[PDB]
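Enquirer: Supplied in structure tokens, the structure appears directly below.
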Amino acid sequence: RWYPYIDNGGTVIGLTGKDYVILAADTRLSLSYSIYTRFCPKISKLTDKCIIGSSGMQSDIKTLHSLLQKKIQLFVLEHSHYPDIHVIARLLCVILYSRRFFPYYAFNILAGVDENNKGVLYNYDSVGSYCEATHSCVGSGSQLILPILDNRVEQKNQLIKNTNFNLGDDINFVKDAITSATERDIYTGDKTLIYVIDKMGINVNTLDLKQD
Amino acid sequence: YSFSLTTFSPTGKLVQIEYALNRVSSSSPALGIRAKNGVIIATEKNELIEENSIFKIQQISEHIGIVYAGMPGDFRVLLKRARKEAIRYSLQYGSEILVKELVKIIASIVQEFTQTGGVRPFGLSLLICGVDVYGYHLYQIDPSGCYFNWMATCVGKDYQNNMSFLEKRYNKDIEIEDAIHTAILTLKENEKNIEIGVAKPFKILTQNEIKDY
Amino acid sequence: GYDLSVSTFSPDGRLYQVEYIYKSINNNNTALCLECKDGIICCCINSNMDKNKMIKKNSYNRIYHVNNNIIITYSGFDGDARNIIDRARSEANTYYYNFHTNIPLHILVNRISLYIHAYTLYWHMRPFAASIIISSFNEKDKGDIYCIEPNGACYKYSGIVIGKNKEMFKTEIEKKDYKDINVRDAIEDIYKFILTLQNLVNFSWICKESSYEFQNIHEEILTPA
Amino acid sequence: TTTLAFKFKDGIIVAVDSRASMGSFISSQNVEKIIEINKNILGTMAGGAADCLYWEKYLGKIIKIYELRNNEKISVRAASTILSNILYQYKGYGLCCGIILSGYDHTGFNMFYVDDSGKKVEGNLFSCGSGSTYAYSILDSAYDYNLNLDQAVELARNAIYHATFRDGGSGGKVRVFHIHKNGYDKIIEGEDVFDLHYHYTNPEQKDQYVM
Amino acid sequence: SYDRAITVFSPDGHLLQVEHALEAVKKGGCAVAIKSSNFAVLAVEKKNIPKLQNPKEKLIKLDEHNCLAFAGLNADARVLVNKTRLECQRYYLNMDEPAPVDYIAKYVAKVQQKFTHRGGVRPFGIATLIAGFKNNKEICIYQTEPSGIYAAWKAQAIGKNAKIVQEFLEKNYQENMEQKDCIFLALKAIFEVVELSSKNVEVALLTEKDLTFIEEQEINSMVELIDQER
Amino acid sequence: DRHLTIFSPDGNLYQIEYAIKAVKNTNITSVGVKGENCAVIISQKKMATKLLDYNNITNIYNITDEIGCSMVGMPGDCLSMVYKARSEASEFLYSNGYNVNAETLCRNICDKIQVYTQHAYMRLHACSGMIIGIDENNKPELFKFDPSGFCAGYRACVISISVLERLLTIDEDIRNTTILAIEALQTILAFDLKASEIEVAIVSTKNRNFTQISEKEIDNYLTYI
Amino acid sequence: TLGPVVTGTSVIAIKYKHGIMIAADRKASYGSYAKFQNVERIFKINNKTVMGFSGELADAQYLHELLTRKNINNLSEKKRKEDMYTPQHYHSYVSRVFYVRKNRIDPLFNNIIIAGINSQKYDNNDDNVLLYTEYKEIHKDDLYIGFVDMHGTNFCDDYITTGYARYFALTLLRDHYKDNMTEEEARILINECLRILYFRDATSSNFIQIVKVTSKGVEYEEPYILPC
Amino acid sequence: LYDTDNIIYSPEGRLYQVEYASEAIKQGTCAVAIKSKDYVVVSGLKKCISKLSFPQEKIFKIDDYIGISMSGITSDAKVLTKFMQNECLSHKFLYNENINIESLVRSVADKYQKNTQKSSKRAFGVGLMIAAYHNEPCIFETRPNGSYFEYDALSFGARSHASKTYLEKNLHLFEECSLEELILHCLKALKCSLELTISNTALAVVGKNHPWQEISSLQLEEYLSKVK
Amino acid sequence: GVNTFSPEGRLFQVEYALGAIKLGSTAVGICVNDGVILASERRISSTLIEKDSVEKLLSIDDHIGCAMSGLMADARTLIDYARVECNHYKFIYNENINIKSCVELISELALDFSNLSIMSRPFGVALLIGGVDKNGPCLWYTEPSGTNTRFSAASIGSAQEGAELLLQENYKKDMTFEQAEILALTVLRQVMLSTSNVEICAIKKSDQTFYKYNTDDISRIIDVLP
Ligand SMILES: CCONC(=O)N1CCC[C@H](C(=O)N[C@@H](C)c2nc(-c3ccc(C#N)cc3)cs2)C1
């Protein structure tokens, strides 16, 4: 028999501030202890204030992102306005649940800045269960990064606090997080793309990581 | 686009059935006579046309034969359907089909085209002859879809006069030979015109056999 | 009152809808196909839209091709003609699906003529308003030219004209035998018969200079002719 | 998961946890399990999160269309029947849903338990999830009909705390809502079970608690 | 005419088949409905040849609590009533509560509109008077036309000579009233058009428990009282 | 109203008469003649009604290697009936694994025609057909049908009847049957016939396959007479 | 297909100065048996697009005939040279075909390479397309090489290897490949890669077909034997 | 008798129902469209039945570089607008490139004439003006009888003869004129059809490195001031 | 033929259906910045009819209302379809439908009889659909021809022309919500007044919620007529 599922690896990290969202993702593509290519982006643009990143099977990810972009464009052509991140969130939930009995093997993070200039991150499993979060991570490395983000962002086991968070410090923190992901995860590596949305639009930066 | 072409007249008449009745009335005659030990059906009808290929009398099954008055193509499709229904009953119940059940099935099929949308009634009247455990059977089916159980009957052109002649001549206790002679007498009102089928299994009498009679 | 449906024979035994389609096609633009020694030359004269000066120059082309070596042109309505042309393309594609070879021309002619004929039977379908010239040329077989009438007929020619002014164009092209004339020497005579200006004409041919494949005249060969 | 509803003198109490663990790994401890189906009926999530969320929102749209057509609020019984029939239509497909629908209608305060296998049971004290047995133990030990609102609130909080304490798959925060005639109230929007442990069982905080 | 428009707009703007269905309804026998505090009374004319026809049905018990009385074509009424009963049980299966009168009146009106709109069907040549109880336990009566429009009524009449009985009911309905007074009002109202006799009417009282038919002796006594009055 | 295929008040169906008139209006004649061990059809090679390809015009057709036919009437209807006959023979061969008879094929074709005869929504095919072929007993068969959907076997037939009546070794039998067909057509048309405007087709026990003799042989037979 | 029977081996493809160079050995193996050794494995889609496969031969022939009829369908609706479909369009079509087949659990047992030239500006080849009968330096961004997988996952790179070449030839390409490589340098690099594949792969062969997609169209070089 | 149903040809050889559908185009408001070497500008009149009524939308977006104007029945125009939008977005989803305008216009013309064959259906009582920049500016007219035509300039609707005369006078200047000059020519043609209030005139542009975009109110007021 | 055309290019059935929408009780709708209001006349033919059972105004959604005229049963079908589609949108996208999009859905179903791409004839109803969305309040008129029209204020029913003239003569853009209320009552008074004679509904920009008027609200604006 033929099993119609593969895991292409990689990782996608997401963070939000009071007035911004950062979404990092590696650009490695791997079958099983092999490298298809060293540049396969995982994050896609939906509107001028929203992005979706995802990890899992690459064909499912690409088809899902193209279909979701097509649906948002049809929405804009029909309803004469651009949907908020919450509207796109419910739409993505319905689209993923439509294949409930043969699911998209893709775990997604939908990042954006909403009507109120408030950063919003919605994390999604394969079958459309989803929720809002301050920080999230999906892909191979996620079990590494998520304790780090829980420690730094919402420190619970620490008796004295320091919550002086800003855009530059958060960018450096996400860079350190993806760097630590590369060290201890075989499927994370190569270049990584970091997308930032604060008040005006999307700004993309790139960072080389370990090529092994 | 499925609408009934046959429609009730203001005087409560299906005139399409009446016109099909007129068509079969204008067609060449046929008749059937039932004896105590047999049943006979006979016909009436260029020097280039082959006589073998235009037999109006046809066999549905081993003890069921058929003759018609009206259109040839309608008769051919109805004969194919009758043979299919007889084969269906033989495959299901094993035994050869009864005359009455076949007549009822064909009558229902003929009535269906009187009511189905986008079709016209059959332009012929059939006569089934047959034999089974309940004796000999002669049944006339009209364009209307009504089946009539007869001792002897005539269909087609001048059928009233032929019915009068046969009614004067017919007796219940006649033989096969006497019935064949009376059929030829009724058809007289040459050798190649008449063709006779008698039902022992159903058979078509060859030209010499009609010649001696 | 027998002419108000394609699915009824008149007491004369005629289908009047087909005759009215013939009149409609005869009222439409002219199209020629001609069989020359090295190729077949086909053309169309779009003079009915001479009044419309807003049209983009040399854009309305009634000449189409199938499998790069079968010219197909029409005279009639545009949408019905596009149905016929797309059906011809689909039939050629199906023949290549099954058999890995290009469809023969006469089998395509029979199939498309049957497709046209299928609409002249039922009472709930409009018959095709188009007369179709389908043709090809080969080094061995020379030029095969077929005209499919709206009635489902299909006839092979050594030269055909359809559309308006077909009688004058037929008697003009009948004057000289083109089996010993090349296409370049024929375009001049075709222009002379069209006169009896140059942005309301379309042309094509399948000769050896095009390697026996579909083409249109470049402006540099149009002009000196 | 641990969800626990129960009727009492002034109305209904509902209480839930907030985890969404994927096997052993905890995915999120801030999940909303009391889905507001409409302004009077309240939902509750257990088992598969995707199925519960989708079908409770579908029941919400169905109830809204019904109430707009007929111009009257639906009953808890009718909503339970619609949900149970919809879930039974997907028998043999692998759904996993355990839902407790509580609410107020013209018949009164009504509570029902519905399952992905077409179950529908009418009661006054329900609990679902992996930690349902522990919450059942605490509730059936301490439940009384004539409790005040605060007494029922602390009872529900204690039951949820004990369920999260014993059960590996329950914890995070506790959310406790109160349903009354005119609607419902979020008595506890969210509260860490860390403080619940170090308040209830280990107030001294001088050594590790021996179970 | 499998899928064809039998009913279409006229040059003025009317759907002529709907008015023809109304004309068919005008031939049907008179049927009167009167409401009270927690009960209703439906009285419908019956016509039958004496000594030959079995007296044993224009009134119907639709479900546990609803009841119906039609006027128009009888076979159309029978099939519409069977559909209504099927929908009553379908609602009671799909909601686990009995169907309210408002819901089933809406469904009957919707079905009549649907047959007034779909291709290849004829309008229902019947007007209807449904009586029943709502979710809040109040009783009410809904009258439904062949044109798909319904409306609730305190008291109403349908069928032949409906205008005379309607304008008689207007000047005699008195809000809540006793069962005896309600039945007597129904008798004298429907008898303003049909002949004064005991066998020309069947009357039934709808209560929360069940629809009870009034025996012929009581109807004959009330007919005698009416005859003595006039 | 004679538009539909329904009964007139006298019981007649006038659409079949109108279709038969349509077939007769083509002015196309074909004579079929059976022999001792062979059968011939001779048809007239002209368009139904200068540059036209006259070799392409034909009324005879090859339904199978053994069975062949000649259709007369509307050309699209003729081609459609040819394709129906080929499909019928192919279906018979697939289901049964042996070649259909001319008789059985004619039966099935008229069974198909009866559907159009009875159904109001179907136009009738203005087509008469004359099929020939050898049977399994090694004897010829000549069957003929008309738009009415009625078939019959003939010793000889035309699509005049008395001209054939007075006229009516394997090689000698084939030669005599071909001469009889040619002389019958010549006498019916009553003008001298050129070999380039008629078409003869033959089936025989010697050569089971349907085949048409060349123009040289027709010229030889005409010069013989 | 339920699984592979007559299988084709690896394919290599790179960009260079004048266009695309794609190489495949002409062997198809029936299990562990060289039943066929003259099999054309690289297909010409159109004048600026070629395809290669590694996997079951029947599925590859089916896909090739599909893309062929798509090319004639495109040509039938042609008016100018810019109407022609680029390798990007065919790559997207093959990706959608493989994805749809993957949804039904009924794949084409193949890994496909689609390669060619994107832009039409370097020549007027498609002014008069003929089917039955010095180079130009093309920029890397105007060339196209793309991988398509059995699960439908797809991508593009400057050099694609499919089959067993993903381990043996991919290493040498990732070491030695450079931009603006000459035709001779590309040829010797590809020959070295195929030599290593022939030595270390059982199913491979030393009878190569090279196809060049350059400014003067698609060019099938005559097949040759790898020395040593 | 010959115009009761759409499938009956007249004795002259005419389909009266299709011609009535084509006659329904003239009742719509005037629209004009012109182009040059680079840009296309389409202008139109927004119908305003009363002062309390807002003007009716006249121009619609189809793609990033395609837009339409309509004349006729508005429901038919909405149906065809939805069809074109789904076709463009489906092409953008299946393949990663813009749809060809020739194929899209052929598809819309096929969708028109499919309804003119079956007797159950009726012809589309709406004429379409599709403006786009695929590789160059282009304007397409589509009529109810299944035909479509390219146009250098185009206009139709109520009182469109005067604007057509203006276009016939001034066609030779449009190719070399600048974008603002082209907008002034289109607005002058629209005035010649007739008062050009800010509400009652719709106008949009599409061209090289310029997606489809309705000109704003302030810019429209500036251009209308420049019309004199 | 239901789908046949006229020589003037106008569909016969749509033209005939336009004659039906004139018949009916008069209703009016006014849009201001504060909100949108729809008032409607009741037809109390006799005292036996229960007044509240017949309702000319109603909700298509929580944030949308409508005033309908013509053939009422067709209107009930259309509003049922609109309610289902609006709640489907709210499920699929988790927000409120625009009034233009809902009006376009209702118009798309209106000419379903044509079968260009199932109903058999046109609808015989006209709808003034009002409501508040992110773009503020608005009011859209739709008719059997399938055309939609955004209106500042509009009227439907028998006395369409007189109400239209009175609206045109006595409407201002920046008028207060109470000013629009007295405008609606004055227009309906001139067309034809007490509680249960007219039914009024409002959707405000502050609340964006349907609100059917009742006793002490109908009389309040009746008490401040000029
Ligand atoms: C090939 C895919 O690579 N493997 C992967 O991505 N893994 C597996 C390991 C744990 C990761 C994880 O838990 N990531 C957190 C941020 C997430 N949380 C959710 C989620 C969704 C809905 C609810 C609700 N209600 C709660 C949580 C979705 S993802 C998810």
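Residues are referred to by chain and number: the chain letter is A, B, ... according to the order shown in the structure tokens, the number counts from 1 in that chain, and ligands are numbered separately from 1 in the order shown.
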Quick one: everything within 7 Å of residue I:13, counting only C-alpha atoms, minus sequence neighbours fewer than 2 positions away in the same chain. Send it as a tab-separated table (two decimals) with N, CA, C and O atoms, in the first residue's frame.
Expert:
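Written output follows (result_3.tsv):
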chain	number	residue	atom	x	y	z
E	9	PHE	N	-47.31	35.43	-14.53
E	9	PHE	CA	-47.91	36.74	-14.38
E	9	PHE	C	-48.72	37.11	-15.61
E	9	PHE	O	-48.32	36.83	-16.75
I	2	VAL	N	-41.86	32.00	-20.70
I	2	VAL	CA	-41.44	32.73	-19.51
I	2	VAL	C	-40.15	33.51	-19.78
I	2	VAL	O	-39.97	34.61	-19.25
I	11	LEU	N	-37.96	42.03	-20.82
I	11	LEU	CA	-38.58	40.73	-20.58
I	11	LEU	C	-40.04	40.93	-20.19
I	11	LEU	O	-40.37	41.80	-19.37
I	15	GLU	N	-41.62	42.67	-16.63
I	15	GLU	CA	-42.48	43.83	-16.78
I	15	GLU	C	-43.84	43.60	-16.13
I	15	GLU	O	-44.41	44.51	-15.52
I	16	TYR	N	-44.37	42.39	-16.25
I	16	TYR	CA	-45.65	42.07	-15.62
I	16	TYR	C	-45.50	41.99	-14.10
I	16	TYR	O	-46.40	42.41	-13.37
I	17	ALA	N	-44.39	41.44	-13.62
I	17	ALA	CA	-44.17	41.35	-12.18
I	17	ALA	C	-44.00	42.72	-11.55
I	17	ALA	O	-44.31	42.90	-10.37
I	122	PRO	N	-40.72	34.96	-12.08
I	122	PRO	CA	-40.10	35.98	-11.23
I	122	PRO	C	-40.85	36.13	-9.92
I	122	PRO	O	-42.00	35.73	-9.77
Enquirer: Residues within 7 Å of ligand 1 (only C-alpha atoms and all ligand atoms), as a PyMOL selection string?
Expert: (chain A and resi 7+9+55-56+105-108+123-125+129-131+136-140+142-143) or (chain D and resi 20+22+25-28+31-32+49)
Enquirer: Within 12 Å of residue H:165, counting only C-alpha atoms, which residues show up once you throw out same-chain ones fewer than 6 positions away? Write them as a PyMOL selection string, please.
Expert: (chain C and resi 52-54) or (chain H and resi 32+153-156+159+171+188-190+192-193)
Enquirer: Suppose we keep C-alpha atoms; can you now write the selection as a PDB file, in the first residue's frame?
Expert:
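See out.pdb below for the written result:
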ATOM      1  CA  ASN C  52     -17.026  49.846 -38.597  1.00  0.00           C
ATOM      2  CA  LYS C  53     -13.784  51.855 -38.573  1.00  0.00           C
ATOM      3  CA  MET C  54     -13.179  51.409 -34.818  1.00  0.00           C
TER       4      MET C  54
ATOM      5  CA  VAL H  32     -16.737  54.821 -23.789  1.00  0.00           C
ATOM      6  CA  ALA H 153     -11.726  52.649 -29.426  1.00  0.00           C
ATOM      7  CA  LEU H 154     -15.243  51.693 -28.421  1.00  0.00           C
ATOM      8  CA  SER H 155     -18.506  53.118 -27.170  1.00  0.00           C
ATOM      9  CA  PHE H 156     -22.121  52.063 -26.777  1.00  0.00           C
ATOM     10  CA  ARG H 159     -27.081  58.393 -27.220  1.00  0.00           C
ATOM     11  CA  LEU H 171      -8.842  58.214 -33.186  1.00  0.00           C
ATOM     12  CA  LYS H 188     -14.806  64.780 -23.861  1.00  0.00           C
ATOM     13  CA  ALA H 189     -16.269  61.809 -25.749  1.00  0.00           C
ATOM     14  CA  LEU H 190     -18.452  60.991 -22.737  1.00  0.00           C
ATOM     15  CA  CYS H 192     -20.345  64.427 -26.383  1.00  0.00           C
ATOM     16  CA  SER H 193     -22.651  61.480 -25.665  1.00  0.00           C
TER      17      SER H 193
END
Enquirer: Within 9 Å of residue B:45, counting only C-alpha atoms, which residues show up once you throw out same-chain ones fewer than 4 positions away? Write them as a list in words, please.
Expert: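 Returned residues: residues 28, 29, 192, 193, 194 and 195 of chain B.
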Enquirer: Find the residues in chain I near chain H: any atom within 10 Å counts, using only C-alpha atoms. Write them as an NGL selection string.
Expert: :I and (1-11 or 104 or 107-108 or 110-117 or 140-141 or 145-154 or 164 or 167-168 or 171)
Enquirer: Determine which residues of stretch 19-225 of chain E DSSP labels as alpha helix (DSSP H) from the backbone of this structure, then write them out as a PyMOL selection string.
Expert: chain E and resi 19-27+74-95+101-115+162-170+179-190+216-225
Enquirer: Enter the distance from atom CA of residue G:174 to atom CA of residue G:116, in Å, rounded to one decimal.
Expert: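 So the two atoms, atom CA of residue G:174 and atom CA of residue G:116, lie 20.7 Å apart.
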Enquirer: Provide as a PDB file with N, CA and C atoms, in the first residue's frame the residues of chain C at most 12 Å from chain B, counting only C-alpha atoms.
Expert:
ATOM      1  N   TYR C 122     -33.842  17.054 -33.460  1.00  0.00           N
ATOM      2  CA  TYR C 122     -34.716  17.304 -32.325  1.00  0.00           C
ATOM      3  C   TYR C 122     -35.404  18.659 -32.464  1.00  0.00           C
ATOM      4  N   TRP C 123     -36.535  18.768 -31.763  1.00  0.00           N
ATOM      5  CA  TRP C 123     -37.381  19.979 -31.784  1.00  0.00           C
ATOM      6  C   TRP C 123     -36.934  20.995 -30.729  1.00  0.00           C
ATOM      7  N   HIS C 124     -35.919  20.697 -29.903  1.00  0.00           N
ATOM      8  CA  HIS C 124     -35.492  21.579 -28.824  1.00  0.00           C
ATOM      9  C   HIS C 124     -34.054  22.065 -28.975  1.00  0.00           C
TER      10      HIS C 124
END
Enquirer: Can you pull out every residue within 12 Å of residue E:225, counting only C-alpha atoms, but drop anything in the same chain fewer than 3 positions away, and send it as a list in words?
Expert: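 Everything that qualifies: residues 184, 187, 188, 196, 197, 198, 218, 219, 220, 221, 222, 228, 229 and 230 of chain E.
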Enquirer: Generate a file of the selected residues that holds C-alpha atoms, formatted as an mmCIF file, in the first residue's frame.
Expert:
data_model
loop_
_atom_site.group_PDB
_atom_site.id
_atom_site.type_symbol
_atom_site.label_atom_id
_atom_site.label_comp_id
_atom_site.auth_asym_id
_atom_site.auth_seq_id
_atom_site.Cartn_x
_atom_site.Cartn_y
_atom_site.Cartn_z
ATOM 1 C CA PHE E 184 -74.002 28.015 20.008
ATOM 2 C CA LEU E 187 -73.942 26.978 15.060
ATOM 3 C CA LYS E 188 -75.857 30.216 14.515
ATOM 4 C CA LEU E 196 -81.424 25.002 9.120
ATOM 5 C CA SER E 197 -81.078 21.302 9.943
ATOM 6 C CA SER E 198 -79.148 19.075 12.328
ATOM 7 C CA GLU E 218 -76.800 18.153 21.309
ATOM 8 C CA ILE E 219 -76.584 19.627 17.803
ATOM 9 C CA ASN E 220 -80.257 18.815 17.200
ATOM 10 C CA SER E 221 -81.297 20.432 20.490
ATOM 11 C CA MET E 222 -79.309 23.559 19.632
ATOM 12 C CA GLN E 228 -87.335 28.759 18.042
ATOM 13 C CA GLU E 229 -85.244 31.947 18.189
ATOM 14 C CA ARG E 230 -85.912 33.026 14.587
#
Enquirer: What's the 10 Å shell around stretch 72-78 of chain F, counting only C-alpha atoms, without same-chain residues fewer than 3 positions away, as a ChimeraX atom specification?
Expert: /C:110,113-118,120-121,148-155 /F:19-30,43,47-49,59-61,81-84,124-130,146-147,159
Enquirer: Please, which residues in stretch 39-145 of chain B fall within 9 Å of stretch 7-18 of chain F when counting only C-alpha atoms, and what is the closest atom pair and distance in Å to one decimal for each, ordered by chain then residue number, as a tab-separated table?
Expert:
residue	atom	partner	partner_atom	distance
B:120	CA	F:7	CA	7.9
B:121	CA	F:7	CA	8.7
B:123	CA	F:11	CA	8.4
Enquirer: Neighbours of residue F:140 within 7 Å (only C-alpha atoms; same-chain residues fewer than 4 positions away dropped), as a list in words?
Expert: residues 34, 37, 38, 39, 133, 134 and 135 of chain F
Enquirer: With only C-alpha atoms considered, list every residue of chain F at most 8 Å from chain B, as number ranges by chain.
Expert: F: 5-12, 110-111, 114, 118-121, 148-150, 152-157, 165
Enquirer: I need the chain I residues near chain D as an MDAnalysis selection string; criterion: at most 9 Å, counting only C-alpha atoms.
Expert: chainID I and resid 59:62 80 83:84 87:88 90:91
Enquirer: Using only C-alpha atoms, pick whichever of C:36, C:125, C:195, C:71 has the shortest atom-to-atom distance to chain H.
Expert: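 Ranking C:36, C:125, C:195, C:71 by distance to chain H, first place goes to C:125.
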Enquirer: From the options G:65, G:56, G:83, G:157, which residue's atoms come nearest to chain A, counting only C-alpha atoms?
Expert: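 With only C-alpha atoms as the atom set, the closest residue is G:157.
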Enquirer: Find the distance between atom CA of residue G:126 and atom CA of residue G:87 and write it in Å to one decimal.
Expert: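 Taking atom CA of residue G:126 as the start and atom CA of residue G:87 as the end point, the length is 14.3 Å.
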Enquirer: Could you write out as number ranges by chain the residues of chain G within 9 Å of chain C, counting only C-alpha atoms?
Expert: G: 65-66, 69, 72-73, 75-77, 128-133
Enquirer: At a cut-off of 10 Å, list the chain H residues touching chain G, using only C-alpha atoms, as a PyMOL selection string.
Expert: chain H and resi 93-97+100+102-103+106+135
